[PDB]
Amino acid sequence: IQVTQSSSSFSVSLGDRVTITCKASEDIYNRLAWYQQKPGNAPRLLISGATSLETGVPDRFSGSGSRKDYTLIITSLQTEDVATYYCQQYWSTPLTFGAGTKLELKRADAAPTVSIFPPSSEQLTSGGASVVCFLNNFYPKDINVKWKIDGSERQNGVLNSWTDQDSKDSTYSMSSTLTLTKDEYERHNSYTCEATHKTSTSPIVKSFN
């Protein structure tokens, strides 16, 4: 039996009434539980038997549905409610869990602040050459980065790392690194990282020679 949550990510504002669905591949007769999970911690049981709230779980939470369609509802969404939610059926084995629905906080759109950095003399002595580009404090989270070397787009050798939504300002940040050998880095002159974000029609371009 499989459980599908469909919604992978949802942008919400405090006080909003969020609904997260879970559809079973077959009648599970209310044998469904909901869990909440935050980064680094184990899941926490919120509801069992499709509608029974566990002790400690705030009244804001409630569950409903039947047969193959089940829902988890959060009345006045609070900051503490930002997390990932999972449904799980236990009508038959193997026990199965939905893919999880992550909620994120909505805030004002913000263009990323982009900075580019050439390889340090210290790394060059090691035979390596990393070009780093930081794209900080932007929103919404969707962003694309493109690297160009003497005008040609470069895909291989690019490593990207994304932060989770900031708990202080609700923005996202990203770091993109292009690593080459010292020899190759020295063979070319112009290095550019281009960020495409909804906050601008033209990509934000930072470069150096």
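Sequential numbering from 1, following the sequence displayed.
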query	finding
Mean temperature factor over C-alpha atoms, higher-scoring stretch between 65 to 73 and 157 to 165	65 to 73
Average Cα temperature factor in the PDB entry - higher stretch of 109 to 117, 80 to 88	80 to 88
Residue with maximal Cα B-factor (values as given in the PDB entry) among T192, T19, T196, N189	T19
Most elevated Cα B-factor in the entry, residues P140, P58, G49, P43	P58
Chain third (lowest, middle, highest) by recorded CA B-factor, residue given as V145	lowest
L53 CA temperature factor, ranked by third within the chain	highest
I28, C-alpha B-factor rank within chain (lowest, middle or highest third)	highest
